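To start, the structure under review is shown below, and the notes come after it.
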Amino acid sequence: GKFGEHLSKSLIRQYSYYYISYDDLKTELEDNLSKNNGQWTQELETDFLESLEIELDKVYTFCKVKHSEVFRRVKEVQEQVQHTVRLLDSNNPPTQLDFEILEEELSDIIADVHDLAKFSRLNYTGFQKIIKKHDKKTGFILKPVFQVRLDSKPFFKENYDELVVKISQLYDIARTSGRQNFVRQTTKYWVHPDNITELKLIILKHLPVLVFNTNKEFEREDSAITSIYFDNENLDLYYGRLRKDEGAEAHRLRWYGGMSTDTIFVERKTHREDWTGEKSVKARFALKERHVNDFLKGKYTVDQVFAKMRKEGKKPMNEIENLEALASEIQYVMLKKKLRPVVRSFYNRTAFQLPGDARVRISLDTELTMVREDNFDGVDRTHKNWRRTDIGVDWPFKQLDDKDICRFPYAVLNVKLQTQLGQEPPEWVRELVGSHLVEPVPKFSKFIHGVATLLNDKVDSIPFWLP
């Protein structure tokens, strides 16, 4: 058909080969009708049906290949959004640009599912139109044959309705979490174990409990957060953070969940002093567990870290080199100052925050423990690895010796305020910070507490909160 081939040419030109060869099948009918003097035979029917089978196999395999591609792209961004949601509770939450990149990637997948739906509906129409022309130009009827064979087992699978619901769930996270001059106030508090459940019930009535996966049953390992703090034999980074010196750095390797966690966050906290007050510049980057050991040693270069990140090409040119300069800075401080694992900080965090609202952000750290990771006493705990393998997320870790583990008797409540200039925060948080339930501890640190308790013999200067 002329109208059938005219609408066919308005296809996705990027995949023109995998579409139905309508013009080739149209000429095959007319050229075979030119010979044998306008008469079609059973031998001529087998040759045409064999050509349709080559076309069907070509369209079905392409639909099967592109089905696996979109399902893999969603599975990858589902892991990416679960990482960013887990990062909203930390001292450095993801910026508005980080959610814009996830939105751009989700919209790119929406276009891929759209193109795949357009490919299937045009090829189905193409097969129905070539059979309509076959039954018109030739006496043999194929209309009941191909309308039954294509209605059952179609080009576009039924599995996409499940995918549409999941795509919408991840897109809503990027929409809700997204959206000038305001004062920032971060305060830490000690909570008694009797007050933990009482405090959780008060905050959930104003700020909801932040859940990462949602489409999965509640697990014990989900709320767990483990950070491996790095320092040298002289403990130079500890004294710098304790004395609050200019440019004092704090290096840690953090992972969310159990021991099966793939992504390891190389986190750095830098103390900066100015006329406005005290400012803590926090910066980090993602790294696979198999590449961590060689990165700290120097064997795994910065260009090898962002090798898969550069070939993707969906991040800004200025942001890629910012993460590259940050990775080279940490790798240099790791080798120059000769840093190694010193203290491990384990705790189950319950995050409380409204999506797209930074005004009041509260988190409760329960089951807080300090674990020895050093070799200063002549005991190889790490066995030349970035973390201890004898302990994981299995709290209270009863297998460890009393001198290696420090079970904190309280729960740490982190209240982060971001109130606008010339405005007062809500009355409920103002009443909670000054209540009997919490004990205000200014500038408390899990790293400083762990080093000063577990390595008290090696340290000369200790914080005000000890013992």
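Letters A, B, ... mark the chains of the structure tokens in the order given; residue numbers begin at 1 per chain; ligand numbers begin at 1, in order shown.
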Kindly provide the residues of segment 357-460 of chain A that approach segment 333-341 of chain A to within 7 Å, each paired with its closest atom pair and their distance in Å to one decimal, based on only C-alpha atoms, listed by chain and increasing number, as a tab-separated table.
```
residue	atom	partner	partner_atom	distance
A:373	CA	A:341	CA	5.3
A:374	CA	A:341	CA	5.7
A:386	CA	A:341	CA	6.4
A:387	CA	A:341	CA	6.9
```
Write the residues you've just listed into a file as a PDB file, in the first residue's frame, and include N, CA and C atoms for each of them.
```pdb
ATOM      1  N   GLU A 373      40.362  -0.945  64.741  1.00  0.00           N
ATOM      2  CA  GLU A 373      40.742  -1.353  63.364  1.00  0.00           C
ATOM      3  C   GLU A 373      42.290  -1.263  63.176  1.00  0.00           C
ATOM      4  N   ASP A 374      42.996  -0.654  64.170  1.00  0.00           N
ATOM      5  CA  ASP A 374      44.451  -0.433  64.165  1.00  0.00           C
ATOM      6  C   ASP A 374      45.303  -1.719  64.427  1.00  0.00           C
ATOM      7  N   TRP A 386      40.984  -2.911  54.000  1.00  0.00           N
ATOM      8  CA  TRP A 386      40.463  -1.607  54.462  1.00  0.00           C
ATOM      9  C   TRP A 386      39.488  -1.709  55.697  1.00  0.00           C
ATOM     10  N   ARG A 387      39.031  -2.963  56.057  1.00  0.00           N
ATOM     11  CA  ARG A 387      38.099  -3.205  57.191  1.00  0.00           C
ATOM     12  C   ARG A 387      38.272  -4.622  57.817  1.00  0.00           C
TER      13      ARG A 387
END
```
statement: Counting only C-alpha atoms, the residue among A:169, A:197, A:385, A:276 that lies closest to residue 350 of chain A is A:197
- request: Write down as number ranges by chain the residues of segment 70-197 of chain A whose backbone DSSP state falls under alpha helix (DSSP H).
  value: A: 70-87, 96-137, 143-151, 160-177, 196-197
Output C-alpha atoms for every residue in that selection, as a CSV table (one decimal), in the first residue's frame.
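Just written: selection-v7.csv:
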```
chain,number,residue,atom,x,y,z
A,70,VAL,CA,15.2,-0.9,29.7
A,71,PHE,CA,14.8,-3.5,32.6
A,72,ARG,CA,18.6,-3.2,33.3
A,73,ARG,CA,18.5,0.7,33.1
A,74,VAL,CA,15.6,0.8,35.7
A,75,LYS,CA,17.4,-1.8,38.0
A,76,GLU,CA,20.6,0.4,37.9
A,77,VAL,CA,18.8,3.8,38.6
A,78,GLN,CA,16.7,2.0,41.4
A,79,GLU,CA,20.1,1.2,43.1
A,80,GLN,CA,21.2,4.9,42.4
A,81,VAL,CA,18.0,6.5,44.0
A,82,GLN,CA,18.4,4.0,47.0
A,83,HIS,CA,22.0,5.4,47.5
A,84,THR,CA,20.9,9.1,47.3
A,85,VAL,CA,17.9,8.6,49.7
A,86,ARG,CA,20.3,6.9,52.2
A,87,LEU,CA,22.6,10.0,51.7
A,96,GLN,CA,19.2,20.0,43.8
A,97,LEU,CA,21.6,19.2,40.7
A,98,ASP,CA,22.0,15.4,42.0
A,99,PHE,CA,18.2,15.0,41.7
A,100,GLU,CA,18.1,16.9,38.3
A,101,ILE,CA,20.6,14.2,36.8
A,102,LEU,CA,18.3,11.3,38.1
A,103,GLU,CA,15.3,13.1,36.6
A,104,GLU,CA,17.2,13.5,33.2
A,105,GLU,CA,18.2,9.7,33.3
A,106,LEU,CA,14.5,8.7,34.2
A,107,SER,CA,13.1,10.9,31.4
A,108,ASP,CA,15.7,9.3,29.0
A,109,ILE,CA,14.4,5.7,30.1
A,110,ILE,CA,10.7,7.1,29.6
A,111,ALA,CA,11.7,8.0,26.0
A,112,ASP,CA,13.3,4.5,25.5
A,113,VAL,CA,10.0,2.7,26.7
A,114,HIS,CA,8.0,5.2,24.4
A,115,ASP,CA,10.2,4.4,21.3
A,116,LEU,CA,9.8,0.6,22.0
A,117,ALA,CA,6.0,1.0,22.2
A,118,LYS,CA,6.0,3.1,18.9
A,119,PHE,CA,8.3,0.3,17.2
A,120,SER,CA,5.8,-2.5,18.2
A,121,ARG,CA,2.5,-0.7,17.1
A,122,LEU,CA,4.0,0.3,13.7
A,123,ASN,CA,5.4,-3.2,13.0
A,124,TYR,CA,2.0,-4.8,14.0
A,125,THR,CA,0.2,-2.4,11.6
A,126,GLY,CA,2.9,-3.1,9.0
A,127,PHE,CA,2.3,-7.0,9.2
A,128,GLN,CA,-1.6,-6.5,9.1
A,129,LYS,CA,-1.3,-4.1,6.0
A,130,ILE,CA,1.1,-6.4,4.0
A,131,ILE,CA,-1.3,-9.4,4.6
A,132,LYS,CA,-4.3,-7.0,3.6
A,133,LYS,CA,-2.3,-6.3,0.3
A,134,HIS,CA,-1.5,-10.2,0.0
A,135,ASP,CA,-5.3,-11.1,0.3
A,136,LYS,CA,-6.1,-8.3,-2.3
A,137,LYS,CA,-3.3,-8.9,-5.0
A,143,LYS,CA,-5.9,-12.5,7.5
A,144,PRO,CA,-7.1,-15.2,10.2
A,145,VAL,CA,-3.5,-16.7,10.2
A,146,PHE,CA,-1.6,-13.6,11.3
A,147,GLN,CA,-4.3,-11.8,13.3
A,148,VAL,CA,-4.5,-14.8,15.8
A,149,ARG,CA,-0.6,-15.4,15.8
A,150,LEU,CA,0.1,-11.7,16.6
A,151,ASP,CA,-2.8,-11.0,19.2
A,160,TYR,CA,5.9,-3.0,30.9
A,161,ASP,CA,2.8,-2.1,33.1
A,162,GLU,CA,4.8,-3.4,36.2
A,163,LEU,CA,7.9,-1.2,34.9
A,164,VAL,CA,5.6,2.0,34.4
A,165,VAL,CA,4.5,1.8,38.2
A,166,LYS,CA,8.3,1.4,39.2
A,167,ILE,CA,9.5,4.3,36.8
A,168,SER,CA,6.7,6.6,38.3
A,169,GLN,CA,7.8,5.6,42.0
A,170,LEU,CA,11.5,6.6,41.3
A,171,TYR,CA,10.4,9.8,39.3
A,172,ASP,CA,8.1,10.9,42.3
A,173,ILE,CA,11.2,10.6,44.6
A,174,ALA,CA,13.2,13.0,42.3
A,175,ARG,CA,10.0,15.3,42.1
A,176,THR,CA,9.2,15.4,45.9
A,177,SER,CA,12.9,15.7,47.1
A,196,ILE,CA,14.5,6.1,72.5
A,197,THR,CA,10.9,4.8,71.6
```
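All residues of protein, DNA or RNA that reach within 10 Å of residue 60 of chain A, judged by only C-alpha atoms and not counting those fewer than 3 positions away in the chain, are residues 18, 55, 56, 57, 63, 64, 65, 120, 153, 154, 155 and 156 of chain A.
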Restricting it to N, CA and C atoms, dump the selection as an mmCIF file, in the first residue's frame.
```cif
data_model
loop_
_atom_site.group_PDB
_atom_site.id
_atom_site.type_symbol
_atom_site.label_atom_id
_atom_site.label_comp_id
_atom_site.auth_asym_id
_atom_site.auth_seq_id
_atom_site.Cartn_x
_atom_site.Cartn_y
_atom_site.Cartn_z
ATOM 1 N N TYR A 18 15.845 -3.059 11.674
ATOM 2 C CA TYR A 18 15.029 -3.999 12.471
ATOM 3 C C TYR A 18 13.492 -3.905 12.196
ATOM 4 N N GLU A 55 11.377 -11.937 8.794
ATOM 5 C CA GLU A 55 10.971 -10.598 9.261
ATOM 6 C C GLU A 55 10.473 -10.636 10.700
ATOM 7 N N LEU A 56 9.587 -11.661 11.046
ATOM 8 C CA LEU A 56 9.026 -11.857 12.408
ATOM 9 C C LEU A 56 10.126 -12.100 13.424
ATOM 10 N N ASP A 57 11.098 -13.047 13.097
ATOM 11 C CA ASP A 57 12.246 -13.389 13.963
ATOM 12 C C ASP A 57 13.120 -12.152 14.234
ATOM 13 N N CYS A 63 12.850 -6.677 19.888
ATOM 14 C CA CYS A 63 11.929 -6.324 20.982
ATOM 15 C C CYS A 63 12.390 -6.992 22.287
ATOM 16 N N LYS A 64 12.912 -8.272 22.185
ATOM 17 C CA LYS A 64 13.429 -9.067 23.317
ATOM 18 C C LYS A 64 14.737 -8.440 23.869
ATOM 19 N N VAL A 65 15.668 -7.991 22.938
ATOM 20 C CA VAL A 65 16.969 -7.358 23.286
ATOM 21 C C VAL A 65 16.744 -5.986 23.991
ATOM 22 N N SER A 120 6.733 -1.406 18.196
ATOM 23 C CA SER A 120 5.812 -2.545 18.216
ATOM 24 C C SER A 120 4.485 -2.269 17.492
ATOM 25 N N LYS A 153 0.950 -13.597 22.128
ATOM 26 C CA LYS A 153 2.440 -13.420 22.007
ATOM 27 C C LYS A 153 2.732 -12.084 21.111
ATOM 28 N N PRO A 154 2.485 -10.830 21.685
ATOM 29 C CA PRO A 154 2.725 -9.606 20.891
ATOM 30 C C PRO A 154 4.195 -9.139 20.947
ATOM 31 N N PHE A 155 4.561 -8.115 20.096
ATOM 32 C CA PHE A 155 5.930 -7.556 20.059
ATOM 33 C C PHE A 155 6.245 -6.829 21.376
ATOM 34 N N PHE A 156 5.253 -6.027 21.898
ATOM 35 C CA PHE A 156 5.383 -5.312 23.165
ATOM 36 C C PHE A 156 4.784 -6.181 24.269
#
```
- request: Determine, counting only C-alpha atoms, which protein, DNA and RNA residues have an atom within 7 Å of an atom of segment 244-261 of chain A; residues of the same chain fewer than 3 positions away are not included. Present the result as number ranges by chain.
  value: A: 221-230, 237, 240-241, 264-273, 392-393
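When atom CA of residue 332 of chain A is paired with atom CA of residue 279 of chain A, their separation reads 23.3 Å.
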